[PDB]
Each structure stands twice: as C-alpha cells, then as structure tokens.
C-alpha cells in the first residue's frame, strides 16, 4: 500500500485490535517464554485482544504420559490473557501430530493399528475413545470458564478429500471426531464454541470434503459451531475469490469462521528461501503489503461471518515458517530462489521467512500500513 509511511516502532503505532474491534478480534499465537520478553509483552498488550498457544496446549504437551497432566505452561497463557482482557482459543484437543503414542497402544503395549482380530479391534476402539474422553474431560473441566473458543479437532480431513487416515481414524473410524465434540460440549457447557480447524480449507477436493463432513455431523446432532481456517497462505495463492467462496460456503451452514493461523509467506511451495532477513528484496515487502491490503479488505467485507483473525506469531523474529525456509544453492554456492532454476544442494529449514505485519526489530512493515488504513 503506502511505502512512504515510516518504519516506526510498533509500540508507537495505532493499535491493530482497535482498528478492527467491531469487525473481529485480532489474535497472536504465543509461547510462554514470550511472556517473559518485554517487547513481546508490550506487543500483546498494545495490538492484540485474542491469544492462542503455539504449542503448550497440544495433546503431547498436556498429557505426555497417561495420568500425567502438565497445565503449568498453559496456565501461564490463560493467566496473561485474563489479566489483559484477551479472548483465548484452545489449540488443540485432537491431532495426529504432537500427540503422545501411549494413546494408540493396546493393553499389552502393542500398536492398536496392527491388530487383526475384529473383536479385539472393537475393544481397542472403545479403549481409545475412553482415553479421548478422559483427556478432553480433564482439560475442559479446568478451563471451561476461561476459554471461549476450542479447536476440538485439527486437520482431520486429508488433502486427497478422504478423511485423514491417522491412527485416530484407523483405530476408531469417524466416531473419534463425534466423541471429541460431544465430550467437549458435555464437560464445557453451551457457552464454549467448538471448532474444526484445518489448513487449505480453500482447496478442492479438501474443501468440499470438509463441507460434507461438517454437514453430516450437524445433521446427526454433533455440536460444532465453526470452522478454523489456518490460512497458511502465499502472496499469490490461494486467490481472494476462492477465500471468499470458502468463507461463504461454510457460513451458509450456520457456522462461524475464524482465521486461526494467518501468515503470508514470502515464498511458494516448496519454498526456496533467502538465507537471511537482510537478503529479502524490498519489492517482496511491497507485494506482501498489497496482498495484505486485499486480504483484510475481504475479511472486513465478510466481517459478519468472521469472529476472529489470529496470526501464527507476533513479529517476524519468530515464525514456524523458518522451519520450512529451505535455501537452495547452485554449484557456485550462490542462492537460488527461482522455483524452476538449476541448483546443486539445499539447506533445509536454514533460511528466513517474513510473514507478519511487524518486522523482527518490532517496527511496522508496509503490510501494517496496508491494513491499518481505511482504503
């Protein structure tokens, strides 16, 4: 948008949450250590009114051994949010990653997926579903009065448009999804909001598979209030028109929509990253700002269907996208960023992405000015 506008400190800038406070909340994903960091704390107080745990509320973080519950890190995030009037999202009750393996072992310690006896398979389904309910019950009984929004399940639809064939699904079938939502509603009451969260919600055949799944579950009386759109997107993909079609499609079923992990990568897929932040050309920041301009204009257009937009991080000095920031080198040792160009070797996850509206020195980017204005 406006590259003339200055690279001032974000702690001096107009508040992002206040700009959008009638359209949707503005959230950030955080780690407990960031609440010990003065700049991060100042950023959260100044610009955000919603919060989510990047990692410490995932299944392996909460119950890494059966009966061993570690709420100490999650509590710190809940405490900070309460002290600053922030909404809280719980990420996440059910997932196929960062999930403890003990869930999926039979009574003799052997993987349930290997069982061939159909009578024992059914016993394993019931054992897994009981473990599921106990995990959800313990968490929700603790946090039901503090956490309004819940990622009940994460990434349960595969990119091929079939249900993801995770151990959850191989062992228990579709019922693990139904049990997760029923348990959350039972122990949390009617006032918490239950979400199905996923990436590439805009992309077929996954989009229609997600649509049909939640449609059928609601018809069977499974409580589900909304869809979480992770929105791990690029400067040019997916198109705004497909984002709009996706949001409207789910709103037509009576579901809320939340943007739950927004980042706008500088790269494509698979990414060919620059090795450092300093190496990223200025022009990339301007392409990103125009994309952010279009994207938030669309979010505002649809504000009656979106209750929250959460970024998967605070500022560019910390983003999980760096773990995807592969750097390609040609035979002369020069960096290759052209996605079809020749190259000799790749250094996986050693580069730098730049996905937010706040730079790594906590100063506002062109993308910030692009979304703080009313043009």
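Numbering follows the first chain given and starts at 1.
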property: Mean Cα B-factor comparison, 49-57 or 320-328, giving the higher one as deposited; result: 320-328
property: Mean C-alpha temperature factor, higher of 195-203 and 214-222; result: 214-222
property: Member of 293, 133, 155, 108 with the greatest C-alpha B factor (per the PDB record); result: 108
property: From 160, 263, 287, 75, residue of greatest CA B-factor; result: 160
property: Lowest, middle or highest third - CA B-factor, residue 340; result: highest
property: For residue 149, the third of its chain into which the C-alpha B factor falls; result: lowest
property: Record-listed C-alpha B factor of residue 371: chain third; result: lowest
property: Third assignment of residue 97 from its chain's C-alpha B-factors; result: middle
property: Third assignment of residue 177 from its chain's C-alpha B-factors; result: middle
